[PDB]
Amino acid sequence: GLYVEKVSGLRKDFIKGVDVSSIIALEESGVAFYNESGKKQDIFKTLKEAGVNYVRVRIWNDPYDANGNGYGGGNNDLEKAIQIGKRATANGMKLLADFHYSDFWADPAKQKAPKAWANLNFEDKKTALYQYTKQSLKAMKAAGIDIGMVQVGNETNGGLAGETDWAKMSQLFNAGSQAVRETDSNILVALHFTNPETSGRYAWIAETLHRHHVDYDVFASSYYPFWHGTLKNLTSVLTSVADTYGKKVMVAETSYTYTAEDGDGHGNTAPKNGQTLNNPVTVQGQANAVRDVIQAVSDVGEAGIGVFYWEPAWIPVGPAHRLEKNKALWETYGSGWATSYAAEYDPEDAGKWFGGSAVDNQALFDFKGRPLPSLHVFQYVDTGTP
């Protein structure tokens, strides 16, 4: 019994995607997913029947230490990207290649360059980034993966591949963009930013990108109601970018908590005090959250092309009361957000906060790998619930 009010004015070709980057690590850890009926089934087939038509995957250059131990977080590299890509294509879903251009998590605070580009002069790093993108894409193409979109960077609010100067950042952006353009004209190029609540932040970035002639088609944004202000602001701030620079807009990342419980043993990101919780922390609440973001992006008009749910299947590898036994898995398969081996690259965070999943209570599947009714949100927004 899940209610979802039809999204008014939702376009038929609206992108409904999910980012299941951790799916491979979880699978190797023994985690399994089922369907409505309760029978074991490939998550990708389940996602398809749910109305999902796009899949996002993060890609790190070298998410491993000198000895080959994954930093965790899914150990996402070009290899896993292709594995995931192939499966998505096999299920009639486009792929969104999200290049972090880093060996590990990239966000508004961490934009470290791949160890390989560690000490390279800007000129050489620029050409390296172009090569990497070009090779990576050609590789995916060879595997026969349907690539529909490419993200040049992840939440590049203040940096990219060790670069923090917007003049040099723009050049790296075009470098990656150039590779995409040469690979296929139909592929959309997107830049990803976050923190839309910051007064005039997106307006400034849009203008800056334009001043440096950065060639991109989609202006993507993250959206987590816990900290990113109101949906009215999101819609508004994105509409400006669209109207003023004629770019398509979209939400690259978003999610919500369906339970306050942590069934993994590793403390979760939400919910917590100080965080904004406009919807109840329940399956219905989570569905409302997603349905509203879709509405918010749709209200942008022609420019709003889609929404991406972030990690809807990063469920626990085992019960919370097996912490010790889980730690083993997280460490061996990198099925957690980070492994101790990531300390060499990020001694700050992952260095002494490595562990399991922090978003298992924000998935569309339960702790047992079974789909929650909130997974049907992707269909209901079209018609609604009887």
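Position 1 is the first residue in the sequence shown; the rest follow in order.
For the two regions 120-128 and 159-167, the entry's Cα B-factors average higher over 120-128. Between 21-29 and 6-14, the higher mean Cα B-factor belongs to 6-14. By the numbers in the PDB entry, the CA B factor is greatest at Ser185 among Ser185, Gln284, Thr244, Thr235. The PDB entry assigns the greatest CA B-factor among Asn195, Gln135, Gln178, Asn288 to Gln135. In this PDB entry, the Cα temperature factor of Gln275 sits in the top third of its chain's modelled residues, the highest group. In the PDB entry, a CA B factor belonging to the highest third of its chain's modelled residues is recorded for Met140.
In this PDB entry, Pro114 carries a Cα temperature factor that places it within the middle third of its chain's modelled residues.
When all modelled residues of the chain are sorted by CA temperature factor, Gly263 is found within the highest third. In this PDB entry, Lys94 carries a Cα temperature factor that places it within the middle third of its chain's modelled residues.
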